[PDB]
Every structure is written in C-alpha cells, then in structure tokens.
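Enquirer: To start, I am sharing the structure in question, which I have written as structure tokens.
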Number of protein chains: 2
Amino acid sequence: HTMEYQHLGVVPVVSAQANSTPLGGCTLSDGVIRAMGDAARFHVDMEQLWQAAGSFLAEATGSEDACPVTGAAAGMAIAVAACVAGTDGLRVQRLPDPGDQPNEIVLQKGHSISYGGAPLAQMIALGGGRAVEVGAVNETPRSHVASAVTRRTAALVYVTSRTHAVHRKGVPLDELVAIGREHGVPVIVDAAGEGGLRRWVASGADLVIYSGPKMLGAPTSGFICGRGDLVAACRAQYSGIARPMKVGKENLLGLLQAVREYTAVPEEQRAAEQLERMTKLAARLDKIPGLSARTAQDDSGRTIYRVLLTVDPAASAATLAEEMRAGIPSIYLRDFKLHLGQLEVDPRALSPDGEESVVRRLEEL
Amino acid sequence: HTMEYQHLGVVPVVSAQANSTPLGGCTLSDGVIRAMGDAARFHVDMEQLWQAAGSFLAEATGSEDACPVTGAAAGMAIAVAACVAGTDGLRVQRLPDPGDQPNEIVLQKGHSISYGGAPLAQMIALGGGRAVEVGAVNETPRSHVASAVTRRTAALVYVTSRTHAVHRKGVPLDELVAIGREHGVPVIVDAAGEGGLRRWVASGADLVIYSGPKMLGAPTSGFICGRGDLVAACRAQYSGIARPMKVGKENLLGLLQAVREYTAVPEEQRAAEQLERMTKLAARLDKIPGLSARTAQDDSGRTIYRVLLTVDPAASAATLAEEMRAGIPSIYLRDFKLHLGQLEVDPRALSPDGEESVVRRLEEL
C-alpha cells in the first residue's frame, strides 16, 4: 500500500524540545494536510500563485508584500541577495559574485548564529554578500555599528531570537532602523521562531523572515515580508541563487492554511491552555522519586511555559537526558540547562499522548 | 593635607554590581592597604621580586610558575605574545609584528568577548597574533576546532566566564586541552573573575589568567599561571609589548596579601555568610510597596547569591534602575535582567553600610 515511516523502519519520536528541524519540524493539523493534498491535483501559474500568496502573507503581517521561501535559512540568503543584486537579471544570475555592487552586510557579534551547523555568515555569502561583524558577544555600542556603515554596506542584519543569539549590551532593533534610515541601507530581520506576526514588521525593518514549522505549524516552508521593492527583488532571486531552494505548491498552500488557522486562535487561549496543561504536568513530575518540577515562564521573557526538571544526582542530569532519547519511545527534551543540572519539557511539539509517553518513561527510572 | 576623593569633588558610590572595573575595581582590606604602603618604602630588584612573587602565586594555584600582570586584559595580550614570539629578545621587541612565527589564535565564536570595550581579538593583535573565530554563538562542533588548528596556529583561547561568554553547544575546556595536546599548541584560559584558584590549572591548560580586583580583593593587578617555559616567555614580554603594562611593586605586594587572605577564609564560610546576609536582605526588600524579592543562586551555577528584584510597573524597571544611579548616594545595581523587568543586588562589593544605603534609597520611591 502507501508507504509510511514504519515501512522504512523509521519509528516516530516524541518531541519535548519544540519544533526542531532535525525532528521533522512540526506535525500538521488535518486542515494543513488537506490543503497540501488539494494543491497537488492542479497545475497553476507559479508566478500568479506567488503573487497571490504574497498578498495573503503580507496582510497577515501588516507589510507591503511577501515572498515565500523554504525557511529562515533560505530567507536570509535571498534577502541578502535582494539587497546586493537587486532585480537585475544578469546580476541575479552572477551571484554569489557581487560584481560592482556594495555587498557588506553589517551585524552584531552576538548575532552570528548558525542554522543547524550552517553559519548565518555562510547564508550571507550565498547571497553575494560579505559578513562584517561589529562589537563583541557581551557588548556592541551603537556608535560601533553606525561607523561600520559605509558606501560599501548593503544591508543590516538583526537576529531576534533571545535563545540562539545574545543581546547583552547590544544594539536594539529600533536603533538599527534609525541607523538604516540615516545612511539609506535596508535592515534584515531574522524572526525565525517568533510568534508575533506584526510587531517585527511594525519596527520599520525592510525585510522580516519567518520560518514555517517553528510556530505557525506549517510544513517545511517560510516567507519574507516587508517593503514592496525589496520583496520584489527577493522573487527575482528564484532565477538565481534561490532556484535550488524550490518551494513546492503543496508546501506553500499548506503554509497559507497554517497562517489562516494561526490567526484564528487568540494568543490568550493558546497561552492559558499551555499554562494550565504544564501546571497539571508539573505536579505529576514533582511526585516522582528524586525529581522536582514546576511551571516556569520562558527565561527570555516570552509567553511560553514548560516544566523545569530538577534532576538531583541522588536519584545524573546529563546521563538521564540520554536515557530518554534511547528508550522504546524516543523522547527529546531541552538540555540547554544541563550545566545547571536541569532539563525542560517543551509542549509546543508534544501531543497529549506524548505527555503520557514522557511521564511513563520517567517513572520507569 | 593628604589628597582624597572629596578634594577632587569625586563622591564615592555604592557598588551593588560586584567589583566593576569602571567603579574602581574593589576596595581593599586593611592588610592589603598596609602591604602596599610597606612595599613603597624600599628599592628591590624587580627581577627578584617577580621570581619570588611568581613562585608564591604558583603555589596558591598548583601550577609550575606565575607571572604578574596588570589584569586579565593585559594577561591575554602577554600570553598570546608568549606563544607567538617566545623568549627571543628580538622577536619580543618586534611585536605586534609576528615575523616568521605562527600567530593564528583559535577560539570559539561565543568567546569573542570585550574587556570594557576593548575586544579580546584586539588583545590578541597586541600580542602579535591573529584571531581565528570558529563556529557560531549557538553552536561550535569539536571537529570545527580541530580542523582549524594548522601549522600556523600559535595557541587556543578559552574564556570561562558564563556571564560574558556563551557556551551553548560549544567546546568544553577539557576538549580544547585534548586538541592542544594532539597538535602541540598551547591553551590559554581567560579565568578573569573565577574564584577557583586550582580547578582551571588542573584542567591541563598551559596558561591561566586571573584578574586581581574581581574576586581576590586585590588592587589593580593580576597574574598568569601555568607551565614554566611559557610563563618564562611571559616575563620576557616586559621588554616588549608588556613594557607599557607596568605593574608597580605596591600593586604586586598588595596582590600577594590579597591571595594570602583569600586562601585563609574557607569557601564554606564565605558562601554561607553571603547566603544568610542576602536572605535577610531579601526580606527587607520584599516588604517594599510593589517590589518582590528573593534569594537566588547564580543562574550560571555558581555559589554566589543575590536578591532578584521584581520591579512591577504597578509601582518601570528600566526607569527605576537609572533612579538609583542618580541619587545622593549613587548606587549601581545589576541590570542584565532588565529585559525581564528585573534587577539584582550583588553583595560582592557591597559594604554593610552600603546595604542600608540601598534599602533607604529604595524606600524613598
């Protein structure tokens, strides 16, 4: 019959570390799945579909236009290419050679992140740019950034993630927009796993990048929204460095159905339901022998709740984390606080049956 | 009479953000002050004093030898120069020109910190080296570091601070030592504000840098301890790039008296006294109108305690922080958690009269 994971010997896993790309991103709702199936039955003008999908994604973000991509990593490469090559078909097809165009891409040292091993500076190089890192991980003064903007500067890159990037004594986004407007250089925003669909565009940034499977519950996909002229320069890159970064019509329709369902549920019900589900889950874990648990808000200051595990060695935090990933139902928890002897259970990719699969696997030790 | 701060119009300040360099570092005990005064009355062979002070500082750290410096920033420059120029008097006096010596200094992207605005890579350039940053702030695989070590590599730099540097999915120190021993390249450790005087040397690193005023309660000073041959190459740099980084005999004797007093008080009494003093201080603050307080261990996982303030806007966290630094007794608190609407009160530079100066200044608002 139809091939499934069990046919390939791939047993599913339990994701208690949110929508990780190495874990397939996220699971789709029945509506997202059905949208991918209906789009796979007809031939459509992809230029007309891209223009229509862009206006849909721009309205949901309050921006001028939008351009779908495969994800946040491809979003950065295309956004940089749009600022370097523009819409000239010959310059587009000559990238990553910048030719005679300014291609310096300025960013703070603390924002030099990696996309699953691929550095953000490598995505800048694919788009014909050269990364110029300013400041240090613990400090980057505003004057350091403004002095780094010259006639050879093509764009400014800002990473919003307080999990993968560091912002301590850095330059805020509104300061970068003020710097960009002062010299006339675009500002590119990496908002890969951000839930706010309008706050980052409202900052005045020219291009804002979202990843699909992170929060919107979409298949492998993404989009770049912002100013109309630069979003138009993004689309032109699909005749160049963005040609290998294909976006199938099934992924795009599945992405639009994910946004329509995301903008329907209010953020209050999604936060309250998670806050009450993790409060009930933290009680079941705190009663385990030699394990303390409590509901804790996101340390970065977001409306996301999890269960901070206190793996006291009287009952090893590092050894116990590997024990969960090797059981019969493979379970992946957040281990960023393993140096503090702690672990976390993220509910953003955890099914109700997945919650029971974690309490049972924990009770067996 | 004798000139003091009041004669210059400099009014003292209250340090609730530990021993910050911009705040004069730290205050000295009566014994440290007396040691600086007694050393200022006699002429001594500085080579004999440096040899004697090195053996004293090496015994307290369990290393082979030690070399005093002005502080952690100068420690990095001299340690790099020791790995690049060695002990050749001509190469020492030709730095920061490396000549024909290998001068690549490999470090993780997350460890590219700054010393009060001066980047760590700039300190590497002063010592005749070239910084090679590997990986990203959120990830740096071990293979990335080992592949970056070539015949042109002079040393490996590791920053221990979990406050100013990022270690998330990075390379641990014992892995760097294994990499250094594999290729035969020294390992340089920035342990500026570390309290452990022996754990970092015991890791096998060749050179370990400590800053005086940070934890040891010393005047402006510092030292580099580690392997004998490289510590000898550090001393030779004082005929070169370390000549402007003078260390007066008063600062050095004051540093040794600080180490003798530090190794006398057990870490149990210093941690218990702080844990009980901040527990009593957190109760006086939690009773303030619209302010919650509690004793919290160091988020990085250290035996240091502070009072996490919950500045609810019902009674602005950012505005209230500036209000404390502008009062009649200027008070500086930790504002690294201001994005979370919080603030901290560090007791490492807070006198008992300084504690009362903070509760009174907080009660006046």
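Chain labels follow the order of the structure tokens: the first chain is A, the next B, and so on; residue numbering restarts at 1 in every chain, and ligands are counted from 1 in their shown order.
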Quick one: contact table of chain B to chain A, 10 Å max, nearest atom pair and distance in Å to one decimal per residue, counting only C-alpha atoms, chain and number order, as a tab-separated table?
Expert:
```
residue	atom	partner	partner_atom	distance
B:109	CA	A:112	CA	7.9
B:110	CA	A:137	CA	6.7
B:111	CA	A:137	CA	7.3
B:112	CA	A:136	CA	5.9
B:113	CA	A:136	CA	5.1
B:114	CA	A:136	CA	5.7
B:115	CA	A:139	CA	9.2
B:116	CA	A:139	CA	8.3
B:117	CA	A:139	CA	7.1
B:118	CA	A:136	CA	9.0
B:119	CA	A:136	CA	6.5
B:120	CA	A:136	CA	8.5
B:121	CA	A:136	CA	9.4
B:135	CA	A:119	CA	7.4
B:136	CA	A:113	CA	5.1
B:137	CA	A:113	CA	5.4
B:138	CA	A:164	CA	5.2
B:139	CA	A:114	CA	6.7
B:140	CA	A:117	CA	8.0
B:141	CA	A:117	CA	8.3
B:163	CA	A:138	CA	8.3
B:164	CA	A:138	CA	5.2
B:165	CA	A:137	CA	6.7
B:166	CA	A:137	CA	7.8
B:167	CA	A:336	CA	10.0
B:168	CA	A:336	CA	7.0
B:169	CA	A:336	CA	8.2
B:298	CA	A:340	CA	9.8
B:299	CA	A:340	CA	7.9
B:300	CA	A:340	CA	7.0
B:301	CA	A:340	CA	5.6
B:302	CA	A:340	CA	9.2
B:335	CA	A:169	CA	10.0
B:336	CA	A:168	CA	7.0
B:337	CA	A:300	CA	9.3
B:339	CA	A:301	CA	7.5
B:340	CA	A:301	CA	5.6
B:341	CA	A:301	CA	8.8
```
Enquirer: Would you write out those residues with N, CA and C atoms, as a short mmCIF file (atom, residue, chain, number, x, y, z; two decimals), in the first residue's frame?
Expert:
```cif
data_model
loop_
_atom_site.label_atom_id
_atom_site.label_comp_id
_atom_site.auth_asym_id
_atom_site.auth_seq_id
_atom_site.Cartn_x
_atom_site.Cartn_y
_atom_site.Cartn_z
N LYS B 109 33.47 31.18 18.52
CA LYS B 109 32.75 32.42 18.25
C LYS B 109 32.08 32.97 19.50
N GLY B 110 31.52 32.10 20.34
CA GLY B 110 30.86 32.53 21.55
C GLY B 110 31.77 33.13 22.60
N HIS B 111 33.09 33.00 22.44
CA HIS B 111 34.05 33.52 23.40
C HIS B 111 34.72 34.81 22.94
N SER B 112 34.23 35.42 21.86
CA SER B 112 34.78 36.69 21.37
C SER B 112 34.21 37.82 22.22
N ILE B 113 34.80 37.99 23.41
CA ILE B 113 34.30 38.95 24.38
C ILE B 113 35.08 40.26 24.27
N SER B 114 34.68 41.26 25.05
CA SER B 114 35.35 42.55 25.09
C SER B 114 35.67 42.91 26.53
N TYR B 115 36.83 43.55 26.73
CA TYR B 115 37.28 44.00 28.05
C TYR B 115 36.96 45.48 28.17
N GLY B 116 35.76 45.79 28.63
CA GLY B 116 35.36 47.19 28.77
C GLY B 116 35.38 47.97 27.47
N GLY B 117 35.04 47.32 26.36
CA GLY B 117 35.05 47.94 25.05
C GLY B 117 36.19 47.47 24.16
N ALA B 118 37.29 47.03 24.77
CA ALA B 118 38.43 46.54 24.00
C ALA B 118 38.23 45.06 23.71
N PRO B 119 38.05 44.66 22.45
CA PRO B 119 37.78 43.25 22.15
C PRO B 119 38.95 42.36 22.55
N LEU B 120 38.61 41.10 22.87
CA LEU B 120 39.64 40.10 23.13
C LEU B 120 40.51 39.87 21.90
N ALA B 121 39.94 40.04 20.70
CA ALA B 121 40.73 39.90 19.48
C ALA B 121 41.74 41.03 19.34
N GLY B 135 33.09 28.48 14.36
CA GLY B 135 31.75 28.12 14.77
C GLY B 135 30.79 29.29 14.83
N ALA B 136 29.80 29.21 15.72
CA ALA B 136 28.81 30.26 15.89
C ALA B 136 28.53 30.43 17.37
N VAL B 137 27.76 31.47 17.70
CA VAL B 137 27.48 31.77 19.10
C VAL B 137 26.63 30.68 19.73
N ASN B 138 25.78 30.02 18.95
CA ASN B 138 24.89 28.99 19.47
C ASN B 138 25.40 27.57 19.23
N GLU B 139 26.47 27.39 18.46
CA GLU B 139 26.99 26.06 18.19
C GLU B 139 28.41 26.16 17.65
N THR B 140 29.29 25.29 18.15
CA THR B 140 30.65 25.16 17.63
C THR B 140 31.07 23.71 17.84
N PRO B 141 31.03 22.89 16.79
CA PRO B 141 31.37 21.47 16.95
C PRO B 141 32.86 21.29 17.20
N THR B 163 29.06 34.47 32.14
CA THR B 163 28.32 35.72 32.13
C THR B 163 28.56 36.53 30.86
N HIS B 164 29.83 36.70 30.47
CA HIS B 164 30.17 37.49 29.30
C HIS B 164 30.32 36.66 28.03
N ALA B 165 30.63 35.38 28.15
CA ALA B 165 30.77 34.49 27.00
C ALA B 165 29.63 33.48 26.98
N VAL B 166 29.40 32.92 25.80
CA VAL B 166 28.35 31.92 25.59
C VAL B 166 29.02 30.57 25.33
N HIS B 167 28.45 29.51 25.90
CA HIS B 167 29.00 28.17 25.79
C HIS B 167 28.00 27.17 25.23
N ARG B 168 26.83 27.64 24.78
CA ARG B 168 25.76 26.74 24.36
C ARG B 168 26.18 25.91 23.16
N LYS B 169 26.24 24.59 23.36
CA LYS B 169 26.66 23.64 22.33
C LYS B 169 28.06 23.95 21.81
N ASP B 298 23.32 31.85 41.67
CA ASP B 298 23.77 32.35 40.38
C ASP B 298 23.20 31.52 39.24
N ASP B 299 22.59 32.19 38.26
CA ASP B 299 21.95 31.49 37.15
C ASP B 299 22.95 30.65 36.36
N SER B 300 24.23 31.03 36.37
CA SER B 300 25.25 30.24 35.69
C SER B 300 25.64 28.99 36.46
N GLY B 301 25.26 28.88 37.73
CA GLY B 301 25.55 27.70 38.51
C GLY B 301 26.74 27.86 39.44
N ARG B 302 26.88 29.03 40.04
CA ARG B 302 27.97 29.33 40.96
C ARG B 302 27.44 29.55 42.37
N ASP B 335 21.75 45.15 35.99
CA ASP B 335 20.59 45.34 35.12
C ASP B 335 20.59 44.39 33.93
N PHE B 336 21.34 43.28 34.01
CA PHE B 336 21.36 42.32 32.92
C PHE B 336 20.01 41.66 32.70
N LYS B 337 19.16 41.62 33.72
CA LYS B 337 17.81 41.07 33.61
C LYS B 337 16.75 42.17 33.49
N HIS B 339 15.55 43.32 30.71
CA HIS B 339 14.61 42.92 29.68
C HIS B 339 13.50 42.04 30.25
N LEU B 340 13.80 41.30 31.31
CA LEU B 340 12.80 40.54 32.04
C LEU B 340 12.10 41.37 33.10
N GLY B 341 12.29 42.69 33.09
CA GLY B 341 11.69 43.54 34.10
C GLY B 341 12.23 43.31 35.50
#
```
Enquirer: Contacts of residue 231 of chain A at 8 Å or less, counting only C-alpha atoms, minus same-chain residues fewer than 3 places along, as an MDAnalysis selection string?
Expert: chainID A and resid 65:67 82 207 224:228 234:235
Enquirer: List every residue of segment 36-160 of chain B that DSSP, applied to the backbone of this structure, assigns to alpha helix (DSSP H), and report them as number ranges by chain.
Expert: B: 36-39, 46-61, 72-84, 89-94, 120-126, 142-148
Enquirer: In Å to one decimal, how far is atom CA of residue 353 of chain A from atom CA of residue 292 of chain A?
Expert: 22.0 Å
Enquirer: Segment 101-141 of chain A: which residues are strand (DSSP E) by DSSP, as a list in words?
Expert: residues 104, 105, 106, 107, 108, 114, 115, 118, 119, 130, 131, 132, 133 and 134 of chain A
Enquirer: Residue 325 of chain B: which residues within 9 Å, counting only C-alpha atoms, same-chain residues fewer than 5 positions away excluded, as a PyMOL selection string?
Expert: chain B and resi 13-14+330-333
Enquirer: Within 9 Å of residue 358 of chain A, counting only C-alpha atoms, which residues qualify if same-chain residues fewer than 3 places away don't, as a VMD selection string?
Expert: chain A and resid 14 16 324 329 331 353 to 355 361 to 363
